[PDB]
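Engineer: First, the structure itself, so that you have it in front of you.
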Amino acid sequence: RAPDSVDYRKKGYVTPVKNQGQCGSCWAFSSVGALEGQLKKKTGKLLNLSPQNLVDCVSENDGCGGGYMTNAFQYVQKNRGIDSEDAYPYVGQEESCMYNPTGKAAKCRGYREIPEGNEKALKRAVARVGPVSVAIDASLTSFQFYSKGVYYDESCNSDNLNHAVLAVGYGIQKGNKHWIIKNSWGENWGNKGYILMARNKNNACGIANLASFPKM
Ligand SMILES: *[C@]1(O)CO[C@@H]2[C@H](Cl)CN(C(=O)[C@H](CC(C)C)NC(=O)c3ccc(-c4nc(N5CCN(C)CC5)sc4F)cc3)[C@@H]21
Ligand SMILES: [Cl-]
Ligand SMILES: [Cl-]
Ligand SMILES: [Cl-]
Ligand code: NA
């Protein structure tokens with residue numbers, strides 16, 4: 001039976017909160033967060049992986065114009081690696097792909113997709129695998145102004161996915177079930193870069209509509 005609550009931050013599987021700046025690279029931060037979690041799990045080492053590597057090199061995506069996490073995992077697989085942040089640092093603008101194998105810090109051997117809309121499957125994946133890449137509607141002002149508690153807004157549109165983030169856990173706060181979400185808008189946003197988002201409230205903000213994780 002799956003745990004009632006999980007928090008990968010307590011297990012050392014989660015790197016510090018990043019800031020994607022003014023680039024549409026949410027998809028790359030989400031992807032690297034999932035990879036970071038599997039690397040820790042598999043090798044015992046927590047290290048920052050390179051979103052810039054993805055932005056510059058995942059040619060099926062649109063760099064700062066946006067992308068899909070699935071495309072990112074496929075690239076890392078076909079490329080036979082992803083660099084560390086140190087080897088390929090974040091610039092926040094698309095540049096030419098300059099992958100450096102010497103800076104390779106992780107590998108990927110495929111990915112899996114959570115069954116569409118299923119929060120129970122997403123819960124079990126978070127428990128069984130580690131941090132999961134997810135897409136949400138983050139367009140509401142209520143989302144932007146989040147500070148604490150469990151975020152729920154009826155105006156959220158699960159058919160208008162427009163942001164990629166990382167589910168690092170789940171639980172309950174004061175009677176409200178939640179997902180522990182790591183955002184990529186810096187430490188000053190939300191609750192030190194995180195938001196608790198409502199769980200089992202009919203797939204609020206489309207949290208389980210386009211979720212995936214890498215195999216390592
Ligand atoms: C995040 O940083 C948040 O804000 C930015 C936009 Cl609004 C949304 N976003 C995404 O990256 C978003 C994430 C998903 C998981 C919701 N994806 C997209 O917006 C997105 C995906 C894919 C493409 C895309 N465009 C392509 N082409 C553009 C047009 N030419 C003619 C062809 C190639 S390929 C491709 F995959 C664009 C955006 C960012
Ligand atoms: Cl369960
Ligand atoms: Cl539950
Ligand atoms: Cl360049
Ligand atoms: Na693809």
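By order in the structure tokens, chains are A, B, ...; within a chain, residues start at 1; ligands start at 1, following the order shown.
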Show me which residues sit within 12 Å of ligand 5 when counting only C-alpha atoms and all ligand atoms, and put them as a list in words.

Structural biologist: residues 58, 59, 60, 61, 62, 67, 68, 69, 70, 71, 72, 73, 74, 75, 76, 77, 78, 110 and 111 of chain A

Engineer: Would you mind exporting N, CA, C and O atoms of the selected residues as a CSV table (one decimal), in the first residue's frame?

Structural biologist:
```
chain,number,residue,atom,x,y,z
A,58,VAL,N,17.6,20.3,-27.9
A,58,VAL,CA,16.4,19.5,-28.2
A,58,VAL,C,15.7,20.1,-29.4
A,58,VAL,O,14.9,20.9,-29.3
A,59,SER,N,16.2,19.7,-30.6
A,59,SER,CA,15.7,20.3,-31.9
A,59,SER,C,14.2,20.1,-32.2
A,59,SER,O,13.7,20.9,-32.9
A,60,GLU,N,13.6,19.1,-31.6
A,60,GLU,CA,12.1,18.9,-31.8
A,60,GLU,C,11.3,19.8,-30.9
A,60,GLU,O,10.1,20.0,-31.2
A,61,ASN,N,11.9,20.4,-29.9
A,61,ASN,CA,11.3,21.5,-29.1
A,61,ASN,C,11.6,22.9,-29.7
A,61,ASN,O,12.3,23.0,-30.8
A,62,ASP,N,11.2,24.0,-29.1
A,62,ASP,CA,11.3,25.3,-29.7
A,62,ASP,C,12.1,26.2,-28.7
A,62,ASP,O,11.9,27.4,-28.7
A,67,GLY,N,8.4,23.8,-25.1
A,67,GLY,CA,8.8,22.4,-25.4
A,67,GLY,C,8.0,21.5,-24.6
A,67,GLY,O,7.2,21.8,-23.8
A,68,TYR,N,8.3,20.2,-24.8
A,68,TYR,CA,7.8,19.1,-24.1
A,68,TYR,C,8.9,18.3,-23.4
A,68,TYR,O,10.0,18.2,-23.9
A,69,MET,N,8.6,17.9,-22.2
A,69,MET,CA,9.5,17.0,-21.4
A,69,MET,C,9.8,15.7,-22.1
A,69,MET,O,10.9,15.3,-22.1
A,70,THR,N,8.8,15.1,-22.7
A,70,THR,CA,9.0,13.8,-23.4
A,70,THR,C,10.1,14.0,-24.5
A,70,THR,O,11.0,13.1,-24.6
A,71,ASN,N,10.1,15.1,-25.2
A,71,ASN,CA,11.1,15.3,-26.2
A,71,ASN,C,12.5,15.4,-25.6
A,71,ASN,O,13.5,15.0,-26.2
A,72,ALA,N,12.6,16.0,-24.4
A,72,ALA,CA,13.8,16.2,-23.7
A,72,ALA,C,14.4,14.9,-23.3
A,72,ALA,O,15.6,14.7,-23.4
A,73,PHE,N,13.6,14.0,-22.7
A,73,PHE,CA,14.0,12.7,-22.3
A,73,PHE,C,14.5,11.9,-23.5
A,73,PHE,O,15.6,11.3,-23.4
A,74,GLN,N,13.8,12.0,-24.6
A,74,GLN,CA,14.2,11.3,-25.8
A,74,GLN,C,15.6,11.8,-26.3
A,74,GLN,O,16.4,11.0,-26.7
A,75,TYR,N,15.8,13.1,-26.3
A,75,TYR,CA,17.1,13.7,-26.7
A,75,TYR,C,18.2,13.1,-25.8
A,75,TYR,O,19.3,12.8,-26.2
A,76,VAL,N,18.0,13.2,-24.5
A,76,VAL,CA,19.1,12.8,-23.5
A,76,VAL,C,19.5,11.3,-23.8
A,76,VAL,O,20.6,10.9,-23.8
A,77,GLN,N,18.5,10.5,-24.1
A,77,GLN,CA,18.7,9.1,-24.5
A,77,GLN,C,19.5,9.0,-25.8
A,77,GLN,O,20.5,8.3,-25.8
A,78,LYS,N,19.0,9.7,-26.9
A,78,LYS,CA,19.7,9.6,-28.2
A,78,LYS,C,21.1,10.2,-28.1
A,78,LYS,O,22.0,9.7,-28.7
A,110,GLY,N,15.1,6.1,-21.6
A,110,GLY,CA,13.7,6.2,-22.0
A,110,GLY,C,12.9,6.9,-21.0
A,110,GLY,O,13.4,7.6,-20.1
A,111,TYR,N,11.6,6.9,-21.2
A,111,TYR,CA,10.7,7.6,-20.3
A,111,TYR,C,9.4,6.9,-20.2
A,111,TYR,O,9.1,6.0,-21.1
```

Engineer: Give the residue list for ligand 1 at 10 Å, counting only C-alpha atoms and all ligand atoms, as an MDAnalysis selection string, sorted by chain and then by residue number.

Structural biologist: chainID A and resid 20:31 58:72 133:139 160:165 184:185 209:211

Engineer: Write out the residues from the selection above, keeping N, CA and C atoms, as a compact mmCIF listing (two decimals), in the first residue's frame.

Structural biologist:
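And here is the file that came out, out_20.txt:
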```txt
# COMPACT_ATOMS: atom_id res chain seq x y z
N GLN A 20 14.23 30.31 -14.11
CA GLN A 20 14.34 30.16 -15.57
C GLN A 20 14.46 31.53 -16.25
N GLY A 21 14.22 32.62 -15.53
CA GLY A 21 14.23 33.96 -16.09
C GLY A 21 13.16 34.16 -17.17
N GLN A 22 13.51 34.88 -18.23
CA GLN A 22 12.54 35.32 -19.22
C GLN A 22 12.63 34.43 -20.46
N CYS A 23 12.84 33.14 -20.28
CA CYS A 23 12.93 32.20 -21.40
C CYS A 23 11.78 31.20 -21.19
N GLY A 24 11.18 30.68 -22.27
CA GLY A 24 10.16 29.65 -22.14
C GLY A 24 10.77 28.26 -21.96
N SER A 25 11.56 28.08 -20.90
CA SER A 25 12.36 26.90 -20.67
C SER A 25 11.85 26.08 -19.48
N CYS A 26 10.62 26.32 -19.05
CA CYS A 26 9.99 25.58 -17.95
C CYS A 26 10.15 24.07 -18.19
N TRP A 27 9.93 23.66 -19.43
CA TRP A 27 10.00 22.27 -19.84
C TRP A 27 11.38 21.66 -19.58
N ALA A 28 12.44 22.46 -19.79
CA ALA A 28 13.79 22.02 -19.54
C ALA A 28 14.06 21.92 -18.04
N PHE A 29 13.56 22.86 -17.24
CA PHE A 29 13.76 22.78 -15.76
C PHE A 29 13.01 21.58 -15.19
N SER A 30 11.80 21.33 -15.70
CA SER A 30 11.01 20.20 -15.24
C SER A 30 11.74 18.88 -15.54
N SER A 31 12.25 18.77 -16.77
CA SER A 31 12.95 17.60 -17.24
C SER A 31 14.20 17.33 -16.36
N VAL A 58 17.62 20.28 -27.94
CA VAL A 58 16.45 19.46 -28.22
C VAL A 58 15.75 20.08 -29.44
N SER A 59 16.16 19.67 -30.62
CA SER A 59 15.73 20.34 -31.86
C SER A 59 14.23 20.11 -32.17
N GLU A 60 13.59 19.10 -31.59
CA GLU A 60 12.12 18.86 -31.76
C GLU A 60 11.30 19.84 -30.92
N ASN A 61 11.90 20.43 -29.88
CA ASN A 61 11.32 21.51 -29.09
C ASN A 61 11.64 22.87 -29.74
N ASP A 62 11.19 23.95 -29.11
CA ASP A 62 11.34 25.32 -29.66
C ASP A 62 12.15 26.21 -28.73
N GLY A 63 13.12 25.64 -28.04
CA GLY A 63 13.99 26.39 -27.18
C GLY A 63 13.23 27.24 -26.18
N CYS A 64 13.48 28.57 -26.22
CA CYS A 64 12.81 29.50 -25.32
C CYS A 64 11.36 29.72 -25.75
N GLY A 65 10.97 29.22 -26.91
CA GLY A 65 9.58 29.25 -27.38
C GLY A 65 8.70 28.16 -26.75
N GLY A 66 9.28 27.26 -25.93
CA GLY A 66 8.53 26.21 -25.31
C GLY A 66 8.91 24.83 -25.86
N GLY A 67 8.44 23.82 -25.13
CA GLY A 67 8.81 22.45 -25.40
C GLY A 67 8.03 21.45 -24.57
N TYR A 68 8.33 20.18 -24.81
CA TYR A 68 7.78 19.06 -24.13
C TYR A 68 8.87 18.30 -23.39
N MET A 69 8.56 17.85 -22.18
CA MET A 69 9.49 17.04 -21.39
C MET A 69 9.80 15.72 -22.09
N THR A 70 8.81 15.10 -22.73
CA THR A 70 9.04 13.82 -23.40
C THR A 70 10.14 13.96 -24.46
N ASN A 71 10.14 15.09 -25.19
CA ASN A 71 11.10 15.31 -26.23
C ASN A 71 12.49 15.42 -25.60
N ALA A 72 12.55 16.04 -24.43
CA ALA A 72 13.79 16.23 -23.70
C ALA A 72 14.37 14.90 -23.27
N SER A 133 7.93 14.86 -13.57
CA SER A 133 7.65 16.05 -14.37
C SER A 133 6.16 16.15 -14.61
N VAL A 134 5.58 17.33 -14.40
CA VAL A 134 4.14 17.53 -14.63
C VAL A 134 3.92 18.88 -15.33
N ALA A 135 2.80 18.98 -16.03
CA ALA A 135 2.36 20.22 -16.66
C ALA A 135 1.07 20.70 -15.98
N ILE A 136 0.92 22.01 -15.88
CA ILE A 136 -0.21 22.63 -15.23
C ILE A 136 -0.63 23.92 -15.95
N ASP A 137 -1.83 24.40 -15.59
CA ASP A 137 -2.24 25.77 -15.85
C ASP A 137 -1.75 26.66 -14.69
N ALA A 138 -0.71 27.45 -14.96
CA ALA A 138 -0.18 28.38 -13.97
C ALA A 138 -0.49 29.84 -14.34
N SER A 139 -1.51 30.07 -15.15
CA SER A 139 -1.77 31.41 -15.73
C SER A 139 -2.54 32.36 -14.77
N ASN A 160 -5.72 23.77 -20.59
CA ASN A 160 -4.88 24.88 -21.00
C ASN A 160 -3.59 24.77 -20.20
N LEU A 161 -2.82 23.73 -20.52
CA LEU A 161 -1.57 23.48 -19.86
C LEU A 161 -0.55 24.46 -20.42
N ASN A 162 0.16 25.17 -19.53
CA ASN A 162 1.02 26.25 -19.98
C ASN A 162 2.27 26.42 -19.12
N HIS A 163 2.61 25.43 -18.32
CA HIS A 163 3.76 25.52 -17.44
C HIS A 163 4.16 24.10 -17.06
N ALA A 164 5.45 23.86 -16.94
CA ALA A 164 6.01 22.57 -16.61
C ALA A 164 6.76 22.74 -15.29
N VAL A 165 6.49 21.86 -14.34
CA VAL A 165 7.05 21.94 -13.01
C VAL A 165 7.38 20.52 -12.55
N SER A 184 10.17 26.91 -10.91
CA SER A 184 11.44 27.39 -11.45
C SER A 184 11.37 28.92 -11.63
N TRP A 185 10.75 29.61 -10.68
CA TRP A 185 10.65 31.07 -10.71
C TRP A 185 11.47 31.69 -9.55
N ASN A 209 -2.37 15.55 -16.25
CA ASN A 209 -2.72 15.45 -17.68
C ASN A 209 -1.54 15.18 -18.60
N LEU A 210 -0.33 15.55 -18.19
CA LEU A 210 0.84 15.36 -19.06
C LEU A 210 2.07 15.15 -18.18
N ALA A 211 2.03 14.08 -17.38
CA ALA A 211 3.08 13.79 -16.44
C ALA A 211 3.96 12.67 -16.98
```

Engineer: Neighbours of ligand 3 within 8 Å, counting only C-alpha atoms and all ligand atoms, as a PyMOL selection string?

Structural biologist: chain A and resi 4+120+123+177+200

Engineer: Enumerate, in order of chain and increasing residue number, the residues of chain A with an atom no farther than 12 Å from ligand 4, each with its shortest atom pair and distance in Å to one decimal, counting only C-alpha atoms and all ligand atoms, as a Markdown table.

Structural biologist:
```
| residue | atom | partner | partner_atom_place_in_ligand_line | distance |
| --- | --- | --- | --- | --- |
| A:52 | CA | ligand 4 | 1 (Cl) | 11.5 |
| A:53 | CA | ligand 4 | 1 (Cl) | 11.8 |
| A:55 | CA | ligand 4 | 1 (Cl) | 11.9 |
| A:56 | CA | ligand 4 | 1 (Cl) | 8.8 |
| A:57 | CA | ligand 4 | 1 (Cl) | 11.3 |
| A:91 | CA | ligand 4 | 1 (Cl) | 10.7 |
| A:93 | CA | ligand 4 | 1 (Cl) | 9.8 |
| A:94 | CA | ligand 4 | 1 (Cl) | 7.9 |
| A:95 | CA | ligand 4 | 1 (Cl) | 4.2 |
| A:96 | CA | ligand 4 | 1 (Cl) | 4.2 |
| A:97 | CA | ligand 4 | 1 (Cl) | 7.3 |
| A:98 | CA | ligand 4 | 1 (Cl) | 7.9 |
| A:99 | CA | ligand 4 | 1 (Cl) | 11.5 |
```

Engineer: Go ahead and save the picked residues with N, CA, C and O atoms, as a tab-separated table (two decimals), in the first residue's frame.

Structural biologist:
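File produced: selection-v7.tsv:
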```
chain	number	residue	atom	x	y	z
A	52	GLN	N	20.14	24.35	-19.95
A	52	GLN	CA	20.61	25.02	-21.16
A	52	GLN	C	20.95	24.02	-22.26
A	52	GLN	O	20.69	24.29	-23.46
A	53	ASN	N	21.55	22.89	-21.86
A	53	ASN	CA	21.86	21.80	-22.75
A	53	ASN	C	20.59	21.40	-23.52
A	53	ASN	O	20.62	21.23	-24.75
A	55	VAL	N	17.68	23.26	-23.77
A	55	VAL	CA	17.15	24.40	-24.54
A	55	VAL	C	17.86	24.47	-25.89
A	55	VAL	O	17.18	24.61	-26.91
A	56	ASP	N	19.20	24.37	-25.88
A	56	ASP	CA	19.99	24.57	-27.06
A	56	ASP	C	19.93	23.38	-28.02
A	56	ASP	O	20.07	23.58	-29.21
A	57	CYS	N	19.72	22.16	-27.52
A	57	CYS	CA	19.99	20.94	-28.27
A	57	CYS	C	18.75	20.09	-28.61
A	57	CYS	O	18.88	19.23	-29.52
A	91	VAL	N	21.94	30.25	-19.49
A	91	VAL	CA	22.07	31.59	-20.04
A	91	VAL	C	20.70	32.29	-20.15
A	91	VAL	O	20.64	33.48	-20.04
A	93	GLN	N	18.69	32.29	-22.82
A	93	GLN	CA	18.45	32.61	-24.23
A	93	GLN	C	18.89	31.34	-24.99
A	93	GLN	O	19.78	30.66	-24.54
A	94	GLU	N	18.27	31.03	-26.12
A	94	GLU	CA	18.70	29.91	-26.96
A	94	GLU	C	20.00	30.27	-27.68
A	94	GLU	O	20.14	31.31	-28.27
A	95	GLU	N	20.96	29.35	-27.63
A	95	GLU	CA	22.24	29.46	-28.34
A	95	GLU	C	22.42	28.16	-29.12
A	95	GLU	O	21.61	27.21	-28.98
A	96	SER	N	23.49	28.07	-29.89
A	96	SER	CA	23.78	26.85	-30.63
A	96	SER	C	24.16	25.70	-29.67
A	96	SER	O	24.79	25.89	-28.61
A	97	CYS	N	23.78	24.49	-30.06
A	97	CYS	CA	24.01	23.33	-29.23
A	97	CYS	C	25.51	23.06	-29.12
A	97	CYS	O	26.14	22.88	-30.11
A	98	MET	N	26.04	23.06	-27.90
A	98	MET	CA	27.45	22.80	-27.68
A	98	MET	C	27.65	21.81	-26.53
A	98	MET	O	28.39	22.05	-25.56
A	99	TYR	N	27.05	20.65	-26.72
A	99	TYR	CA	27.16	19.59	-25.71
A	99	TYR	C	28.62	19.17	-25.54
A	99	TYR	O	29.34	19.00	-26.52
```

Engineer: 12 Å from ligand 2 is the threshold here; counting only C-alpha atoms and all ligand atoms, which polymer residues fall inside it? Answer as number ranges by chain.

Structural biologist: A: 1-5, 118-128, 170-171, 200

Engineer: Write out the residues from the selection above, keeping N, CA, C and O atoms, as a PDB file, in the first residue's frame.

Structural biologist:
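result39.pdb, written as the output of this step:
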```pdb
ATOM      1  N   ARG A   1       0.871  -1.228   0.000  1.00  0.00           N
ATOM      2  CA  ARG A   1       0.000   0.000   0.000  1.00  0.00           C
ATOM      3  C   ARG A   1       0.889   1.253   0.000  1.00  0.00           C
ATOM      4  O   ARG A   1       1.874   1.352   0.768  1.00  0.00           O
ATOM      5  N   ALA A   2       0.557   2.204  -0.879  1.00  0.00           N
ATOM      6  CA  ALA A   2       1.408   3.353  -1.139  1.00  0.00           C
ATOM      7  C   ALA A   2       1.422   4.274   0.073  1.00  0.00           C
ATOM      8  O   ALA A   2       0.442   4.340   0.830  1.00  0.00           O
ATOM      9  N   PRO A   3       2.512   5.026   0.303  1.00  0.00           N
ATOM     10  CA  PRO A   3       2.562   5.885   1.494  1.00  0.00           C
ATOM     11  C   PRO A   3       1.491   6.984   1.428  1.00  0.00           C
ATOM     12  O   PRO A   3       1.066   7.397   0.334  1.00  0.00           O
ATOM     13  N   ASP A   4       1.045   7.432   2.592  1.00  0.00           N
ATOM     14  CA  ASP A   4       0.087   8.512   2.710  1.00  0.00           C
ATOM     15  C   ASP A   4       0.725   9.837   2.295  1.00  0.00           C
ATOM     16  O   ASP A   4       0.040  10.732   1.788  1.00  0.00           O
ATOM     17  N   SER A   5       2.037   9.952   2.510  1.00  0.00           N
ATOM     18  CA  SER A   5       2.770  11.149   2.182  1.00  0.00           C
ATOM     19  C   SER A   5       4.214  10.820   1.829  1.00  0.00           C
ATOM     20  O   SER A   5       4.773   9.848   2.313  1.00  0.00           O
ATOM     21  N   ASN A 118      -4.988  10.746 -14.259  1.00  0.00           N
ATOM     22  CA  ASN A 118      -5.164   9.878 -13.139  1.00  0.00           C
ATOM     23  C   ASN A 118      -4.233  10.285 -11.993  1.00  0.00           C
ATOM     24  O   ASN A 118      -3.001  10.042 -12.058  1.00  0.00           O
ATOM     25  N   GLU A 119      -4.816  10.907 -10.967  1.00  0.00           N
ATOM     26  CA  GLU A 119      -4.035  11.384  -9.814  1.00  0.00           C
ATOM     27  C   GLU A 119      -3.557  10.245  -8.913  1.00  0.00           C
ATOM     28  O   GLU A 119      -2.558  10.383  -8.207  1.00  0.00           O
ATOM     29  N   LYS A 120      -4.269   9.131  -8.932  1.00  0.00           N
ATOM     30  CA  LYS A 120      -3.854   7.991  -8.142  1.00  0.00           C
ATOM     31  C   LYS A 120      -2.591   7.354  -8.747  1.00  0.00           C
ATOM     32  O   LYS A 120      -1.638   7.037  -8.015  1.00  0.00           O
ATOM     33  N   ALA A 121      -2.555   7.254 -10.088  1.00  0.00           N
ATOM     34  CA  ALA A 121      -1.389   6.771 -10.796  1.00  0.00           C
ATOM     35  C   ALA A 121      -0.215   7.717 -10.584  1.00  0.00           C
ATOM     36  O   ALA A 121       0.906   7.271 -10.436  1.00  0.00           O
ATOM     37  N   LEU A 122      -0.480   9.020 -10.624  1.00  0.00           N
ATOM     38  CA  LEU A 122       0.548   9.998 -10.392  1.00  0.00           C
ATOM     39  C   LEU A 122       1.105   9.859  -8.970  1.00  0.00           C
ATOM     40  O   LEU A 122       2.306   9.955  -8.785  1.00  0.00           O
ATOM     41  N   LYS A 123       0.235   9.655  -7.993  1.00  0.00           N
ATOM     42  CA  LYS A 123       0.661   9.466  -6.579  1.00  0.00           C
ATOM     43  C   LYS A 123       1.590   8.253  -6.473  1.00  0.00           C
ATOM     44  O   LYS A 123       2.631   8.291  -5.849  1.00  0.00           O
ATOM     45  N   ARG A 124       1.165   7.136  -7.071  1.00  0.00           N
ATOM     46  CA  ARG A 124       1.926   5.900  -7.018  1.00  0.00           C
ATOM     47  C   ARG A 124       3.250   6.051  -7.755  1.00  0.00           C
ATOM     48  O   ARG A 124       4.217   5.524  -7.315  1.00  0.00           O
ATOM     49  N   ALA A 125       3.286   6.809  -8.860  1.00  0.00           N
ATOM     50  CA  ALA A 125       4.533   7.057  -9.572  1.00  0.00           C
ATOM     51  C   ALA A 125       5.472   7.895  -8.696  1.00  0.00           C
ATOM     52  O   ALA A 125       6.667   7.606  -8.589  1.00  0.00           O
ATOM     53  N   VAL A 126       4.953   8.952  -8.070  1.00  0.00           N
ATOM     54  CA  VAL A 126       5.793   9.769  -7.205  1.00  0.00           C
ATOM     55  C   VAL A 126       6.385   8.878  -6.100  1.00  0.00           C
ATOM     56  O   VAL A 126       7.581   8.934  -5.846  1.00  0.00           O
ATOM     57  N   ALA A 127       5.568   8.010  -5.508  1.00  0.00           N
ATOM     58  CA  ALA A 127       6.014   7.116  -4.431  1.00  0.00           C
ATOM     59  C   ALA A 127       7.048   6.090  -4.922  1.00  0.00           C
ATOM     60  O   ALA A 127       8.003   5.826  -4.237  1.00  0.00           O
ATOM     61  N   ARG A 128       6.815   5.509  -6.110  1.00  0.00           N
ATOM     62  CA  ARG A 128       7.545   4.342  -6.560  1.00  0.00           C
ATOM     63  C   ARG A 128       8.821   4.750  -7.282  1.00  0.00           C
ATOM     64  O   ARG A 128       9.789   4.005  -7.251  1.00  0.00           O
ATOM     65  N   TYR A 170       3.874  14.564  -1.994  1.00  0.00           N
ATOM     66  CA  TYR A 170       2.471  14.692  -1.773  1.00  0.00           C
ATOM     67  C   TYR A 170       2.151  14.467  -0.304  1.00  0.00           C
ATOM     68  O   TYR A 170       2.947  13.908   0.427  1.00  0.00           O
ATOM     69  N   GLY A 171       0.973  14.923   0.121  1.00  0.00           N
ATOM     70  CA  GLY A 171       0.623  14.821   1.527  1.00  0.00           C
ATOM     71  C   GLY A 171      -0.696  15.483   1.839  1.00  0.00           C
ATOM     72  O   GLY A 171      -1.573  15.566   0.975  1.00  0.00           O
ATOM     73  N   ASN A 200      -6.458  15.338  -5.599  1.00  0.00           N
ATOM     74  CA  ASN A 200      -7.717  14.623  -5.584  1.00  0.00           C
ATOM     75  C   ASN A 200      -8.914  15.593  -5.524  1.00  0.00           C
ATOM     76  O   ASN A 200      -9.924  15.291  -4.923  1.00  0.00           O
TER      77      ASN A 200
END
```

Engineer: For the atom pair atom CA of residue 174 of chain A and atom CA of residue 191 of chain A, what is the interatomic distance in Å to one decimal place?

Structural biologist: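 Between atom CA of residue 174 of chain A and atom CA of residue 191 of chain A the gap is 16.5 Å.
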
Engineer: Identify, with DSSP run on backbone atoms, the residues in segment 44-117 of chain A assigned to alpha helix (DSSP H), and express the list as a PyMOL selection string.

Structural biologist: chain A and resi 51-57+69-79

Engineer: Do you know which residues are at most 9 Å from residue 107 of chain A counting only C-alpha atoms, after dropping those on the same chain fewer than 6 positions away, and could you put them as a PyMOL selection string?

Structural biologist: chain A and resi 35+39+76-77+79-82+215-216

Engineer: Rounded to one decimal in Å, what is the spacing between atom CA of residue 32 of chain A and atom CA of residue 51 of chain A?

Structural biologist: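 Atom CA of residue 51 of chain A lies 6.2 Å from atom CA of residue 32 of chain A.
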
Engineer: I'd like the contact shell of residue 33 of chain A - 9 Å cut-off, only C-alpha atoms, skipping same-chain residues fewer than 6 positions apart - returned as a VMD selection string.

Structural biologist: chain A and resid 14 to 15 48 to 49 131 to 133 165 to 166 182

Engineer: What is the atom CA of residue 45 of chain A to atom CA of residue 100 of chain A distance in Å?

Structural biologist: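 These atoms are spaced 20.1 Å apart.
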
Engineer: I'd like to know which of A:144, A:50, A:173, A:158 is closest to residue 85 of chain A, using only C-alpha atoms.

Structural biologist: A:50

Engineer: What residues in segment 14-213 of chain A get the DSSP label strand (DSSP E or B)? Please answer as JSON, numbers by chain.

Structural biologist: {"A": [19, 49, 82, 83, 84, 104, 105, 106, 111, 112, 113, 132, 133, 134, 135, 136, 150, 151, 163, 164, 165, 166, 167, 168, 169, 170, 171, 172, 173, 176, 177, 178, 179, 180, 181, 182, 185, 191, 194, 195, 196, 197, 198, 212, 213]}
